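Since the structure comes first, as structure tokens, the remarks are kept for the end.
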Amino acid sequence: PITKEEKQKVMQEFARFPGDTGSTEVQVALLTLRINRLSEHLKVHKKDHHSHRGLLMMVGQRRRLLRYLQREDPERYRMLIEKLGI
RNA sequence: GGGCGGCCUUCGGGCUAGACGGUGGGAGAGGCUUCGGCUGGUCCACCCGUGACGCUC
Ligand SMILES: [K+]
Ligand SMILES: [Mg+2]
Ligand SMILES: [Mg+2]
Ligand SMILES: [Mg+2]
Ligand SMILES: [Mg+2]
Ligand SMILES: [Mg+2]
Ligand SMILES: [Mg+2]
Ligand SMILES: [Mg+2]
Ligand SMILES: [Mg+2]
Ligand SMILES: [Mg+2]
Ligand code: NA
Ligand code: NA
């Protein structure tokens with residue numbers, strides 16, 4: 001579920017400015033937020049499988065944004081890859 | 001890794017129409033579950049955010 005007291009919390013942390021809600025960093029961060037939130041899920045339910053489909057999609061997406069931000073803005077890449085760790 | 005890709009530009013650099021994110025909706029014979037749930041995807045809107053971040057073996 002996450003909720004604002006989570007999803008907004010991350011954004012307010014990775015935002016590049018007061019109102020940022022879709023800046024690659026934020027996009028990656030909260031992307032890494034539900035990636036875990038679901039990694040944990042799959043454990044309790046090792047028979048789900050179907051949900052793993054998205055675990056993979058989300059993971060790929062997260063790496064594609066990161067590669068994008070690695071070309072256009074190296075500095076910010078190391079920054080972001082921290083506070084989360086790649 | 002490969003192949004093919006938006007607009008403008010005096011090529012320095014602009015920009016949003018794509019994609020993604022935020023918000024708010026919608027439908028579903030998704031899946032798993034000790035039945036208390038936990039969760040994947042999918043389609044809409046806006047005229048909010050990033051700014052081609054894409055599509056394809
Ligand atoms: K499915
Ligand atoms: Mg696809
Ligand atoms: Mg440019
Ligand atoms: Mg999506
Ligand atoms: Mg709803
Ligand atoms: Mg049900
Ligand atoms: Mg759901
Ligand atoms: Mg917009
Ligand atoms: Mg730029
Ligand atoms: Mg291009
Ligand atoms: Na094309
Ligand atoms: Na223009």
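All of the numbers you see were taken from the coordinates with simple rules; none came from a lab. Here the Cβ positions follow ideal geometry from the backbone for every residue, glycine too, while neighbour counts run over all protein chains shown.
Overview of results
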item	result
Rel. contact order, % - alpha carbon contacts under 8 angstrom, at least six apart, chain A	23
Under 23 Å between alpha carbons - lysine pairs in chain A that sit 8 or more apart or on different chains	4
Calculated diffusion of chain A, Stokes-Einstein form, Kirkwood radius summed over Cα pairs, 10 °C and 1.306 mPa s, µm²/s	116
Cα-projected label distance for A:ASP73 with A:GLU5, points at 7 Å along beta-carbon direction, nm	3.1
